[PDB]
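Q: One structure is given below, represented as structure tokens, and several questions about it will come after.
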Amino acid sequence: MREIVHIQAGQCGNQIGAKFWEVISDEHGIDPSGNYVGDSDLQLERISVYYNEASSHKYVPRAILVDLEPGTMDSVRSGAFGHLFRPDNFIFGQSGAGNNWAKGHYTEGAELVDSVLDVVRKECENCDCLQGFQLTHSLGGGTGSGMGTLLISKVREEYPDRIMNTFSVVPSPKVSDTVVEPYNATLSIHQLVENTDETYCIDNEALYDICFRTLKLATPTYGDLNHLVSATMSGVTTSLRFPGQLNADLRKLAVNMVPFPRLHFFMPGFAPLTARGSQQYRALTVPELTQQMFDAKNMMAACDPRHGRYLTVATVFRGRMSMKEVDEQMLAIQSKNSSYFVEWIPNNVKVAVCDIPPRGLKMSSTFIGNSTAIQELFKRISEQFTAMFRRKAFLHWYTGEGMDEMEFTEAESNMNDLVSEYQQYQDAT
Amino acid sequence: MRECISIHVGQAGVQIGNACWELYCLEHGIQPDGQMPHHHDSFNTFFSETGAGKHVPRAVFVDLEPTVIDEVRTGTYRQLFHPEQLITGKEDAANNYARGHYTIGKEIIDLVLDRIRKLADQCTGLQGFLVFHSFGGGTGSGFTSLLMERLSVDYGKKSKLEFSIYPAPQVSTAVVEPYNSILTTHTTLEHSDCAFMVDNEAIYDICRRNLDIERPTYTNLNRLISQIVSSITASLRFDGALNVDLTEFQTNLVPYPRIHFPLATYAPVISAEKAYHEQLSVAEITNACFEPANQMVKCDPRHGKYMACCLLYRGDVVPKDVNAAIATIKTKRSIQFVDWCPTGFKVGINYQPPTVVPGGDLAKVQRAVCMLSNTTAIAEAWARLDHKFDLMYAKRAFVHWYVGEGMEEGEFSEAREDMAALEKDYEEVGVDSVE
Amino acid sequence: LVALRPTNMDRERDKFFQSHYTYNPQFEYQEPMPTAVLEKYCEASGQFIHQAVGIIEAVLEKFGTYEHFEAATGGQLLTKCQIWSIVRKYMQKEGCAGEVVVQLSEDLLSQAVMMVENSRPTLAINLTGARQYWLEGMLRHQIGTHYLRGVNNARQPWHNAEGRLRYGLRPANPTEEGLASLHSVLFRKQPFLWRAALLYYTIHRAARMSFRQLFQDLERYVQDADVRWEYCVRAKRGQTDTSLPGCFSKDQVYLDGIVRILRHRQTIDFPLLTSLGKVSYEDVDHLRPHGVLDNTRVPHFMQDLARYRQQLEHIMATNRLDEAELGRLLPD
Ligand SMILES: Nc1nc2c(ncn2[C@@H]2O[C@H](COP(=O)(O)OP(=O)(O)OP(=O)(O)O)[C@@H](O)[C@H]2O)c(=O)[nH]1
Ligand SMILES: Nc1nc2c(ncn2[C@@H]2O[C@H](COP(=O)(O)OP(=O)(O)O)[C@@H](O)[C@H]2O)c(=O)[nH]1
Ligand SMILES: [Mg+2]
Ligand SMILES: [Zn+2]
């Protein structure tokens with residue numbers, strides 16, 4: 001019950017999804033062929049939430065892989081853990097978004113969004129009681145941004161009651177992997193703050209920093225970053241895919257973390273993060289995890305929390321632990337950082353506890369902080385957008401697909417309004 | 001299923017294509033006769049396949065003088081190309097634009113377009129065009145202008161990439177280079193999505209200094225430009241951790257409709273003996289790419305600003321190092337982008353290393369990087385050409401050939417006005433914004 | 001000027017000309033009209049009307065007509081190529097090469113306008129009527145004065161509206177356009193302030209006259225119908241029904257500024273005045289203690305300051321604005 005549908009847009013979304021399904025299959029003991037070879041019945045007691053039991057006793061992920069260029073699709077298809085996706089799912093076009101948002105939302109996307117929605121509808125009717133949607137996409141790449149926003153708008157039209165999750169890879173502050181990414185970011189954020197329940201902001205910069213310093217890895221390949229994001233997502237969903245002394249669901253997180261309709265952008269975090277050698281020289285206790293999760297050097301979003309306040313915080317543990325210990329740790333961490341939390345939300349730590357470790361470890365933890373610091377991010381992007389709009393640079397590519405300036409004017413105004421709201425609530429009293 | 005055809009105009013284009021297709025046939029393990037004894041499909045994007053194990057290129061070699069095409073037909077790469085494509089004229093434009101655009105080329109443009117249409121309709125996911133053409137030669141300039149206008153009329157919205165041979169400031173083999181250059185630029189300015197400036201003088205310099213060969217033939221320059229092209233297309237033709245298609249190129253490197261003249265650069269370029277004595281850091285090769293002595297156009301980047309850059313890496317590359325190196329590059333002051341473009345990079349990574357052609361000059365490397373950079377320094381270069389034109393027009397020199405071959409003086413005046421307008425636009429963009 | 005350039009100027013010009021100058025233009029504008037600015041400049045002054053006419057008559061006495069004055073003193077009409085060449089030489093001379101975008105247009109009501117397009121400085125030059133010895137002056141006006149003052153001003157505490165209030169600044173005009181107008185005619189052999197004087201005059205009459213009447217009135221000073229049409233529109237910017245009296249008095253600023261600056265030239269520090277930014281000549285002593293002058297730019301033509309002052313004397317002499325007359329005009 002409470003089945004979840006997985007959508008993967010853009011190249012980053014698809015790669016993250018490949019690693020994500022690898023992780024999930026490892027969790028439930030699923031062979032690459034798609035048949036169960038596990039050992040613990042609890043794996044199958046909720047196997048339906050992400051998988052569908054196809055006949056002859058096989059399992060197929062409830063995935064809907066979307067793209068506009070067959071390259072990465074074929075890469076996924078050929079590689080291992082690709083032979084179990086249901087082959088009818090791989091929707092792809094030929095033109096390619098060309099790293100443009102106008103193509104990804106108006107011209108090219110309008111031709112595949114119908115087929116995507118049809119497969120979505122088939123999967124929805126297949127499920128018993130739909131729980132919600134999780135969309136894995138970028139914010140820079142044209143396909144990800146444009147087509148994901150279009151799909152979100154259409155789905156919200158057809159399912160205004162379900163819950164919506166997005167794992168959007170926000171552009172990094174220092175580097176810029178693309179050139180027009182401010183435009184894509186602004187338009188995508190406009191659509192998201194329109195029609196999304198929660199948005200898990202991530203930067204590649206923070207993941208680089210974590211893989212470098214904390215994990216002591218000088219050679220971070222994209223496999224590792226995607227592995228980290230996959231572990232975060234698995235930690236988010238294990239609260240319902242598994243039994244727990246204090247269980248959680250996606251709707252619980254949405255209610256707890258989203259005080260106002262618009263302010264629903266979360267920065268995630270994971271713990272423990274230990275190098276290969278520096279593991280046996282540290283104790284794995286709940287206080288250690290809790291103290292690890294609260295610092296700028298372990299936030300997957302490149303913005304110091306100290307510059308603002310945590311509006312709300314959710315914390316999902318795993319593995320066997322003692323509830324009193326967790327309560328004591330949360331009390332201490334809420335006490336000593338009193339200036340780091342908003343005054344008018346007393347007891348602002350949502351807690352959930354699962355019963356299964358994420359494999360290999362004794363106990364893990366996932367942090368989901370809805371703070372005001374992220375305003376800086378938007379601030380940054382907004383400014384960049386403004387600059388690249390003041391000269392109307394690159395404007396012709398977007399204008400040529402039917403979009404006009406007033407779109408950009410409205411989107412920038414909307415983002416500035418959002419930043420104003422964040423600022424207002426940060427200094428509320 | 002992402003096809004892209006190649007069109008080689010003029011002798012320069014044909015020889016560069018000889019080099020490029022030699023390189024490709026070496027890359028995918030393709031014998032000269034189209035047989036083949038991380039790869040995927042890969043070659044499908046450039047090689048079409050017939051029933052047997054024989055693959056043929058999607059190339060259209062067009063020329064007005066049969067000499068070089070005959071050399072191709074007689075070369076070791078005889079069995080490869082589809083014999084219908086090797087279109088040969090009868091009398092070359094003889095370094096005259098009017099002949100190459102009004103009189104002679106007007107009589108085989110239709111056959112060329114017909115072969116283009118056949119090759120296009122045999123494909124399904126056509127990406128765009130690769131025109132390999134010089135700038136000084138009559139056939140190059142005239143025929144390329146005509147062909148670009150025709151294709152833009154036919155294929156409304158598709159990628160159109162050129163590899164021009166920008167006329168050098170001091171070494172000029174022709175005598176009427178300013179005329180052909182100005183005319184072909186005035187024509188192609190409204191149709192070419194993205195050109196690719198390369199010059200022979202800079203490649204001479206690079207071959208002498210870096211590769212330590214003092215006496216290079218055109219074979220060597222052709223091999224270098226072929227390597228650049230292969231690095232451009234490796235994204236389509238191979239599996240990479242961050243791929244990029246030509247539409248991404250035209251979107252990223254072209255801020256305005258007219259300013260679309262990025263210059264090329266490649267690294268590392270080191271001789272076999274100097275292959276050791278350096279570990280070839282990706283940060284090192286990035287610095288090499290940004291070194292003003294390594295660019296393949298005789299223009300000092302320090303006199304202008306990089307409006308955009310696109311670095312395509314291949315081989316054993318790790319993204320964190322690329323991020324660090326680009327951050328360092330952004331830190332330095334001598335590399336000063338425009339204020340209004342705070343994000344001046346597109347990055348692409350491929351898994352396939354560059355392959356060294358046997359009998360070549362370079363050394364087997366594990367990492368390589370091709371930079372396509374759109375800057376403002378190139379503007380000054382136009383001035384030089386403009387200057388030359390003015391002098392050669394102040395006396396009406398050589399005008400009689402063009403006049404008597406289907407053109408008017410008012411056209412020359414209009415092209416001069418257009419070049420002045422382009423220079424004005426470059427200068428206007430180069431300035432900073434207020435408030 | 002963009003906002004007050006009538007949206008139907010061409011259709012009304014053809015109407016005017018085709019009626020043999022008897023029709024009264026019924027102008028329309030891009031909504032909304034800048035009501036505040038219209039009201040601010042709704043009344044014309046006559047304080048310097050006799051100086052204006054003095055300058056105009058001085059020209060016509062020496063050159064007979066404006067037509068001959070223009071051609072004799074202005075030099076040849078310039079091609080686009082020649083304009084760019086002169087501009088490029090100027091930018092380098094001023095040390096602001098590569099900072100300003102240059103554009104060429106036919107639809108400017110003046111010789112040139114300095115703008116901020118795409119949040120970046122833009123110099124639009126009117127190719128229609130650009131002349132050799134005059135163009136250099138335009139550059140001294142827009143770049144040498146407006147642009148340099150602007151860049152210097154951006155570095156000051158009074159760089160925006162709030163800053164002006166806080167530091168208690170008088171308006172930039174008429175000091176701004178006064179300085180710019182003097183600088184336009186700086187190194188000329190016959191530096192008559194024709195443009196300033198005729199603009200001042202035309203506005204004065206516009207306040208009393210219909211378009212028809214104003215156009216006819218100007219015939220006494222300039223014959224060319226196209227030139228007269230320009231001056232009339234400039235004087236009646238914002239007027240919808242030009243059959244009624246009324247003016248936009250803004251362009252009186254040029255002569256107003258000239259007279260004031262020349263009157264007080266002996267007590268003005270011209271480098272400092274430029275270094276402090278968009279400030280009145282009267283505010284110099286007030287603002288000197290609070291100005292940041294480390295990396296402020298002074299125009300090239302002000303480096304030889306002794307010569308600069310000689311030029312100002314030459315400009316007065318030429319325009320019949322001797323010391324004694326300025327003394328009586330403004331007994332400050
Ligand atoms: N890089 C490179 N350039 C070449 C090579 N061969 C010729 N060129 C260029 O070709 C130019 C001469 O004009 P072309 O374009 O070849 O003239 P064409 O192709 O023979 O056509 P016509 O002008 O009609 O004769 C020279 O400026 C060279 O720069 C080559 O092998 N490599
Ligand atoms: N975390 C992560 N991000 C990626 C990965 N690959 C690409 N990205 C991001 O995705 C963005 C590119 O979007 P992409 O999907 O490739 O372009 P699109 O085809 O137009 O959607 C870039 O900003 C990258 O930062 C990956 O493996 N991991
Ligand atoms: Mg030839
Ligand atoms: Zn002025």
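Lettering and numbering for the structure tokens are positional, with chains as A, B, ... in the shown order, residues counted from 1 in each chain, and ligands counted from 1 in the shown order.
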Would you name the residues within 10 Å of ligand 4, counting only C-alpha atoms and all ligand atoms, and put them as a ChimeraX atom specification?

A: /C:110-114,138,141-143,145-146,176-181,184,251,253-254

Q: Hey, could you make a per-residue contact list for chain B against ligand 3 with 10 Å as the cut-off, showing the nearest pair of atoms and its distance in Å to one decimal, counting only C-alpha atoms and all ligand atoms, sorted by chain and number, as JSON lines?

A:
{"residue": "B:9", "atom": "CA", "partner": "ligand 3", "partner_atom_place_in_ligand_line": "1 (Mg)", "distance": 8.8}
{"residue": "B:10", "atom": "CA", "partner": "ligand 3", "partner_atom_place_in_ligand_line": "1 (Mg)", "distance": 5.3}
{"residue": "B:11", "atom": "CA", "partner": "ligand 3", "partner_atom_place_in_ligand_line": "1 (Mg)", "distance": 5.3}
{"residue": "B:12", "atom": "CA", "partner": "ligand 3", "partner_atom_place_in_ligand_line": "1 (Mg)", "distance": 8.1}
{"residue": "B:13", "atom": "CA", "partner": "ligand 3", "partner_atom_place_in_ligand_line": "1 (Mg)", "distance": 9.8}
{"residue": "B:14", "atom": "CA", "partner": "ligand 3", "partner_atom_place_in_ligand_line": "1 (Mg)", "distance": 10.0}
{"residue": "B:63", "atom": "CA", "partner": "ligand 3", "partner_atom_place_in_ligand_line": "1 (Mg)", "distance": 7.0}
{"residue": "B:64", "atom": "CA", "partner": "ligand 3", "partner_atom_place_in_ligand_line": "1 (Mg)", "distance": 6.7}
{"residue": "B:65", "atom": "CA", "partner": "ligand 3", "partner_atom_place_in_ligand_line": "1 (Mg)", "distance": 6.1}
{"residue": "B:66", "atom": "CA", "partner": "ligand 3", "partner_atom_place_in_ligand_line": "1 (Mg)", "distance": 9.2}
{"residue": "B:67", "atom": "CA", "partner": "ligand 3", "partner_atom_place_in_ligand_line": "1 (Mg)", "distance": 9.1}
{"residue": "B:68", "atom": "CA", "partner": "ligand 3", "partner_atom_place_in_ligand_line": "1 (Mg)", "distance": 8.8}
{"residue": "B:91", "atom": "CA", "partner": "ligand 3", "partner_atom_place_in_ligand_line": "1 (Mg)", "distance": 9.0}
{"residue": "B:92", "atom": "CA", "partner": "ligand 3", "partner_atom_place_in_ligand_line": "1 (Mg)", "distance": 5.5}
{"residue": "B:93", "atom": "CA", "partner": "ligand 3", "partner_atom_place_in_ligand_line": "1 (Mg)", "distance": 6.5}
{"residue": "B:94", "atom": "CA", "partner": "ligand 3", "partner_atom_place_in_ligand_line": "1 (Mg)", "distance": 6.2}
{"residue": "B:95", "atom": "CA", "partner": "ligand 3", "partner_atom_place_in_ligand_line": "1 (Mg)", "distance": 6.9}
{"residue": "B:96", "atom": "CA", "partner": "ligand 3", "partner_atom_place_in_ligand_line": "1 (Mg)", "distance": 9.6}
{"residue": "B:100", "atom": "CA", "partner": "ligand 3", "partner_atom_place_in_ligand_line": "1 (Mg)", "distance": 9.4}
{"residue": "B:134", "atom": "CA", "partner": "ligand 3", "partner_atom_place_in_ligand_line": "1 (Mg)", "distance": 9.8}
{"residue": "B:136", "atom": "CA", "partner": "ligand 3", "partner_atom_place_in_ligand_line": "1 (Mg)", "distance": 9.8}
{"residue": "B:137", "atom": "CA", "partner": "ligand 3", "partner_atom_place_in_ligand_line": "1 (Mg)", "distance": 6.1}
{"residue": "B:138", "atom": "CA", "partner": "ligand 3", "partner_atom_place_in_ligand_line": "1 (Mg)", "distance": 6.6}
{"residue": "B:139", "atom": "CA", "partner": "ligand 3", "partner_atom_place_in_ligand_line": "1 (Mg)", "distance": 5.5}
{"residue": "B:140", "atom": "CA", "partner": "ligand 3", "partner_atom_place_in_ligand_line": "1 (Mg)", "distance": 7.3}

Q: Just to be explicit: take each residue in the selection above, keep C-alpha atoms, and write the result as a PDB file, in the first residue's frame.

A:
ATOM      1  CA  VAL B   9      34.049  22.755 -49.972  1.00  0.00           C
ATOM      2  CA  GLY B  10      37.270  23.737 -51.687  1.00  0.00           C
ATOM      3  CA  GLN B  11      40.732  22.232 -51.565  1.00  0.00           C
ATOM      4  CA  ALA B  12      41.247  23.156 -47.920  1.00  0.00           C
ATOM      5  CA  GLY B  13      38.018  21.459 -46.954  1.00  0.00           C
ATOM      6  CA  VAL B  14      38.842  18.358 -48.959  1.00  0.00           C
ATOM      7  CA  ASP B  63      34.995  21.016 -55.699  1.00  0.00           C
ATOM      8  CA  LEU B  64      35.250  22.872 -58.987  1.00  0.00           C
ATOM      9  CA  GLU B  65      38.745  21.608 -59.864  1.00  0.00           C
ATOM     10  CA  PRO B  66      39.027  17.814 -60.222  1.00  0.00           C
ATOM     11  CA  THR B  67      42.692  17.627 -59.146  1.00  0.00           C
ATOM     12  CA  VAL B  68      42.367  17.100 -55.402  1.00  0.00           C
ATOM     13  CA  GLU B  91      36.960  25.042 -63.880  1.00  0.00           C
ATOM     14  CA  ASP B  92      37.693  26.230 -60.362  1.00  0.00           C
ATOM     15  CA  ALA B  93      36.713  29.685 -59.178  1.00  0.00           C
ATOM     16  CA  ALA B  94      40.415  30.601 -59.399  1.00  0.00           C
ATOM     17  CA  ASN B  95      40.326  32.582 -56.161  1.00  0.00           C
ATOM     18  CA  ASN B  96      37.427  34.665 -57.485  1.00  0.00           C
ATOM     19  CA  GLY B 100      32.409  30.663 -56.977  1.00  0.00           C
ATOM     20  CA  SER B 134      38.611  27.940 -46.214  1.00  0.00           C
ATOM     21  CA  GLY B 136      40.551  32.961 -49.068  1.00  0.00           C
ATOM     22  CA  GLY B 137      39.944  30.527 -51.887  1.00  0.00           C
ATOM     23  CA  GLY B 138      37.340  31.462 -54.453  1.00  0.00           C
ATOM     24  CA  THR B 139      35.508  28.145 -54.319  1.00  0.00           C
ATOM     25  CA  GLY B 140      35.562  28.149 -50.530  1.00  0.00           C
TER      26      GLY B 140
END

Q: Run DSSP on the backbone and tell me which residues of segment 133-198 of chain C come out as alpha helix (DSSP H); list them as a PyMOL selection string.

A: chain C and resi 133-141+148-154+161-167+175-184+194-198

Q: Go ahead and dump the residues you just picked, N, CA and C atoms, as a compact mmCIF listing (two decimals), in the first residue's frame.

A:
# COMPACT_ATOMS: atom_id res chain seq x y z
N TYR C 133 34.25 69.09 -37.49
CA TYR C 133 34.74 69.92 -36.38
C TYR C 133 33.76 69.98 -35.22
N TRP C 134 32.49 69.65 -35.48
CA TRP C 134 31.45 69.62 -34.46
C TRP C 134 31.41 68.31 -33.66
N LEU C 135 31.75 67.18 -34.31
CA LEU C 135 31.59 65.85 -33.67
C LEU C 135 32.48 65.66 -32.41
N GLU C 136 33.73 66.14 -32.53
CA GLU C 136 34.69 66.16 -31.44
C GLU C 136 34.11 66.85 -30.20
N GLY C 137 33.38 67.95 -30.41
CA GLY C 137 32.67 68.66 -29.36
C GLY C 137 31.60 67.85 -28.69
N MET C 138 30.79 67.14 -29.48
CA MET C 138 29.75 66.24 -28.96
C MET C 138 30.35 65.24 -27.98
N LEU C 139 31.50 64.67 -28.35
CA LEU C 139 32.20 63.71 -27.51
C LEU C 139 32.72 64.34 -26.20
N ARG C 140 33.15 65.60 -26.27
CA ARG C 140 33.57 66.34 -25.08
C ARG C 140 32.38 66.61 -24.15
N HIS C 141 31.20 66.78 -24.76
CA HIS C 141 29.94 66.99 -24.06
C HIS C 141 29.48 65.67 -23.41
N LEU C 148 31.94 61.00 -17.59
CA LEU C 148 32.96 61.09 -16.54
C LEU C 148 32.36 61.53 -15.20
N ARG C 149 31.45 62.52 -15.25
CA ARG C 149 30.71 62.95 -14.07
C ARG C 149 29.92 61.78 -13.48
N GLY C 150 29.24 61.02 -14.35
CA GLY C 150 28.47 59.85 -13.97
C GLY C 150 29.26 58.78 -13.25
N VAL C 151 30.44 58.44 -13.79
CA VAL C 151 31.33 57.44 -13.21
C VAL C 151 31.90 57.91 -11.87
N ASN C 152 32.29 59.19 -11.81
CA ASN C 152 32.77 59.80 -10.57
C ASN C 152 31.69 59.83 -9.49
N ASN C 153 30.47 60.17 -9.91
CA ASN C 153 29.30 60.24 -9.04
C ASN C 153 28.93 58.90 -8.41
N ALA C 154 29.13 57.82 -9.17
CA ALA C 154 28.82 56.46 -8.71
C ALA C 154 29.70 56.06 -7.52
N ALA C 161 19.47 58.78 -5.08
CA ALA C 161 18.48 59.73 -4.56
C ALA C 161 18.63 59.99 -3.05
N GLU C 162 18.67 58.91 -2.26
CA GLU C 162 18.84 58.98 -0.81
C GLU C 162 20.11 59.75 -0.43
N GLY C 163 21.21 59.42 -1.11
CA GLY C 163 22.49 60.06 -0.90
C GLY C 163 22.47 61.55 -1.16
N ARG C 164 21.71 61.96 -2.18
CA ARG C 164 21.52 63.37 -2.51
C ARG C 164 20.80 64.10 -1.38
N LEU C 165 19.71 63.50 -0.89
CA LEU C 165 18.93 64.03 0.24
C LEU C 165 19.78 64.16 1.49
N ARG C 166 20.44 63.05 1.86
CA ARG C 166 21.25 62.97 3.07
C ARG C 166 22.34 64.04 3.10
N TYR C 167 23.00 64.27 1.96
CA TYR C 167 24.09 65.25 1.86
C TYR C 167 23.63 66.63 1.40
N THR C 175 24.07 73.02 -13.80
CA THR C 175 25.53 72.90 -13.83
C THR C 175 25.99 71.82 -14.80
N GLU C 176 25.24 70.70 -14.86
CA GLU C 176 25.60 69.56 -15.69
C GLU C 176 25.65 69.91 -17.18
N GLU C 177 24.52 70.38 -17.72
CA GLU C 177 24.39 70.69 -19.13
C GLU C 177 25.06 72.00 -19.52
N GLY C 178 25.25 72.89 -18.54
CA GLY C 178 26.04 74.10 -18.70
C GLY C 178 27.49 73.78 -18.98
N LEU C 179 28.06 72.91 -18.14
CA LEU C 179 29.44 72.44 -18.28
C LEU C 179 29.63 71.68 -19.60
N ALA C 180 28.67 70.82 -19.92
CA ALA C 180 28.70 70.01 -21.13
C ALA C 180 28.66 70.86 -22.40
N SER C 181 27.85 71.92 -22.38
CA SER C 181 27.70 72.85 -23.51
C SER C 181 28.93 73.71 -23.74
N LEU C 182 29.54 74.19 -22.66
CA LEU C 182 30.81 74.91 -22.74
C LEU C 182 31.89 74.02 -23.31
N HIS C 183 31.90 72.75 -22.90
CA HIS C 183 32.89 71.79 -23.34
C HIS C 183 32.75 71.38 -24.81
N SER C 184 31.53 71.48 -25.36
CA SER C 184 31.27 71.13 -26.75
C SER C 184 31.99 72.10 -27.70
N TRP C 194 25.23 78.51 -30.53
CA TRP C 194 24.02 78.64 -31.33
C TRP C 194 22.89 77.75 -30.80
N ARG C 195 23.18 76.46 -30.68
CA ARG C 195 22.23 75.43 -30.25
C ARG C 195 21.57 75.81 -28.91
N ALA C 196 22.40 76.15 -27.92
CA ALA C 196 21.94 76.56 -26.59
C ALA C 196 21.00 77.77 -26.68
N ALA C 197 21.45 78.80 -27.41
CA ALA C 197 20.73 80.06 -27.55
C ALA C 197 19.38 79.89 -28.25
N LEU C 198 19.36 79.11 -29.34
CA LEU C 198 18.15 78.91 -30.13
C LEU C 198 17.12 78.04 -29.39

Q: Could you list the residues in chain B lying within 6 Å of chain A, using only C-alpha atoms, and format the result as a list in words?

A: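 Listed by rising number, the hits are residues 125, 247, 248, 252, 255, 318, 340, 343, 344, 345, 346 and 347 of chain B.
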
Q: Within 12 Å of chain A, which residues belong to chain C? Use only C-alpha atoms and report them as a list in words.

A: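 The contacting residues on chain C are residues 101, 116, 117, 118, 119, 120, 121 and 122 of chain C.
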
Q: Interatomic distance between atom CA of residue 21 of chain C and atom CA of residue 212 of chain C?

A: 6.3 Å

Q: Which is closest to residue 268 of chain A among A:425, A:188, A:338, A:371, if we use only C-alpha atoms?

A: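 Under the stated criterion, the closest residue is A:371.
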
Q: Atom CA of residue 381 of chain B and atom CA of residue 195 of chain B are how many Å apart?

A: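 Value for the atom CA of residue 381 of chain B-atom CA of residue 195 of chain B distance: 15.1 Å.
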
Q: Need to verify the contact set: residue 279 of chain B, 12 Å, only C-alpha atoms, exclusion of same-chain residues closer than 5 positions in sequence. Can you return it as a ChimeraX atom specification?

A: /B:268,270,274,284-285,365-367

Q: Produce a file of the selected residues containing N, CA and C atoms, as a PDB file, in the first residue's frame.

A:
ATOM      1  N   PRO B 268      46.660  18.541 -24.643  1.00  0.00           N
ATOM      2  CA  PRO B 268      48.067  18.909 -24.736  1.00  0.00           C
ATOM      3  C   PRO B 268      48.638  18.615 -26.110  1.00  0.00           C
ATOM      4  N   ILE B 270      52.323  17.868 -27.225  1.00  0.00           N
ATOM      5  CA  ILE B 270      53.709  17.660 -26.838  1.00  0.00           C
ATOM      6  C   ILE B 270      54.287  16.509 -27.641  1.00  0.00           C
ATOM      7  N   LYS B 274      59.187  14.512 -25.323  1.00  0.00           N
ATOM      8  CA  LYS B 274      58.785  15.293 -24.166  1.00  0.00           C
ATOM      9  C   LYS B 274      57.520  14.751 -23.524  1.00  0.00           C
ATOM     10  N   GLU B 284      46.913  21.473 -15.209  1.00  0.00           N
ATOM     11  CA  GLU B 284      47.995  21.897 -16.088  1.00  0.00           C
ATOM     12  C   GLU B 284      47.501  22.088 -17.513  1.00  0.00           C
ATOM     13  N   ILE B 285      46.745  21.118 -18.034  1.00  0.00           N
ATOM     14  CA  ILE B 285      46.302  21.235 -19.416  1.00  0.00           C
ATOM     15  C   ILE B 285      45.263  22.332 -19.553  1.00  0.00           C
ATOM     16  N   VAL B 365      48.483  10.286 -25.238  1.00  0.00           N
ATOM     17  CA  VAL B 365      48.115  10.914 -23.978  1.00  0.00           C
ATOM     18  C   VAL B 365      46.870  10.230 -23.441  1.00  0.00           C
ATOM     19  N   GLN B 366      46.646  10.387 -22.139  1.00  0.00           N
ATOM     20  CA  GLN B 366      45.468   9.831 -21.496  1.00  0.00           C
ATOM     21  C   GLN B 366      44.366  10.853 -21.290  1.00  0.00           C
ATOM     22  N   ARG B 367      44.694  12.139 -21.264  1.00  0.00           N
ATOM     23  CA  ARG B 367      43.699  13.187 -21.118  1.00  0.00           C
ATOM     24  C   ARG B 367      43.900  14.227 -22.202  1.00  0.00           C
TER      25      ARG B 367
END

Q: Atom CA of residue 48 of chain A and atom CA of residue 267 of chain A, how far apart in Å?

A: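 Distance between the two atoms: 28.4 Å.
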
Q: Within 9 Å of chain C, which residues of chain B are there when counting only C-alpha atoms? Please give them as an MDAnalysis selection string.

A: chainID B and resid 417 420 424:435

Q: So that I can see what lies close to segment 197-199 of chain A, please list as a count of residues only the residues with an atom at most 10 Å from it, counting only C-alpha atoms and leaving out residues fewer than 6 positions away in the same chain.

A: 26
